[PDB]
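Read-outs throughout are calculated quantities, based only on the coordinates presented, and are distinct from any laboratory measurement. Note that we place each Cβ from the backbone using ideal geometry, even for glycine, and neighbour counts take in every protein chain shown.
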Amino acid sequence: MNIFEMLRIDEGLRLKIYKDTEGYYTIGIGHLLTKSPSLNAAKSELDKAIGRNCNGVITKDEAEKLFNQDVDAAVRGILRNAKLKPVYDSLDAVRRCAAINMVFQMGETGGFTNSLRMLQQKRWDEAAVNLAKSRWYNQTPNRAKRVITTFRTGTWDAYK
Ligand SMILES: C=CCCc1ccccc1
């Protein structure tokens with residue numbers, strides 16, 4: 001298991017524009033296209049992202065390339081953020097995947113100051129409790145539980 005397998009499980013794969021859990025136009029392996037309610041706006045974002053006129057549909061290869069880019073962008077958002085980088089560097093490799101997963105889902109900016117401190121301190125049970133007191137956990141509880149279990153245990157048990 002690695003960050004790609006983990007997020008592929010959490011996000012699935014759809015080759016036609018769909019709506020995510022917040023109602024936002026998305027494609028591929030959880031690639032957000034736009035928060036605008038306009039499908040035409042989403043289709044324009046898609047064509048720009050892929051480099052061809054897609055008509056709202058992509059190939060598996062294109063979805064996987066977008067996914068690589070998106071995982072890379074999440075890692076970079078961590079490494080460029082003065083609050084996130086020190087915590088990320090303090091984690092082992094499995095827990096680093098949980099961190100990337102959260103940034104992929106909610107963005108580098110997207111209130112976890114106290115959870116970050118507990119993670120840096122390696123207070124895993126306390127961090128797990130604090131992470132669940134969130135809109136994130138309430139709105140996507142099964143995915144949040146898998147990510148939190150990864151932070152709590154440092155194992156892939158929730159995914160296996
Ligand atoms: C768990 C809170 C936010 C995700 C994260 C965690 C640790 C390091 C970087 C990002």
For this session: Along Cα→Cβ, 7 Å out, is where each label goes; now give me the distance between the ones at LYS160 and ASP92 in nm to one decimal.
Result: 1.3 nm
Exercise. Which peptide among 23-29, 56-62 comes first, and what is the full order, when sorted by highest mean count of other Cβ atoms within 10 Å?
Worked result: 23-29, 56-62
Seminar exercise, completed: Computed, not fitted: 222 nm per-residue ellipticity of the chain from DSSP H runs ≥ 4 (each -39500 (n - 2.57)), nearest 500, equal to -18500 deg cm²/dmol
Exercise. What distance in nm separates the simple spin-label points at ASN40 and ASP125, each placed 7 Å from Cα in the Cβ direction?
Worked result: 5.7 nm
Exercise. How large is ³J(HN,Hα), in whole Hz, for each residue of the range 77-92 in order, when computed from phi with the Karplus curve 6.51 cos²θ - 1.76 cosθ + 1.60 and θ = phi - 60°, using x for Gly and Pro?
Worked result: x, 5, 5, 8, 9, 5, 7, 7, 4, x, 5, 4, 4, 6, 7, 6
Problem set entry | Cβ-placed point charges (K, R +1; D, E -1), dipole of the chain about Cα centre in debye, nearest 20 | 300 debye
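Tally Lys and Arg at +1 and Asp and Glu at -1 over the other residues with C-beta under 14 Å from the C-beta of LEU79: what net charge comes out?
+2
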Exercise. Contour minus end-to-end for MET106 and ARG80, with contour as 0.36 nm per residue of separation and end-to-end as the Cα-Cα distance?
Worked result: 7.8 nm
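Determine the shape class of the chain: with a ≥ b ≥ c the square roots of the Cα gyration tensor eigenvalues, call it rounded for a/c under 1.5, and otherwise prolate if a/b is greater than b/c, oblate otherwise.
Values: a/c = 1.99, a/b = 1.95, b/c = 1.02.
Prolate, since a/c reaches 1.5 and a/b exceeds b/c.
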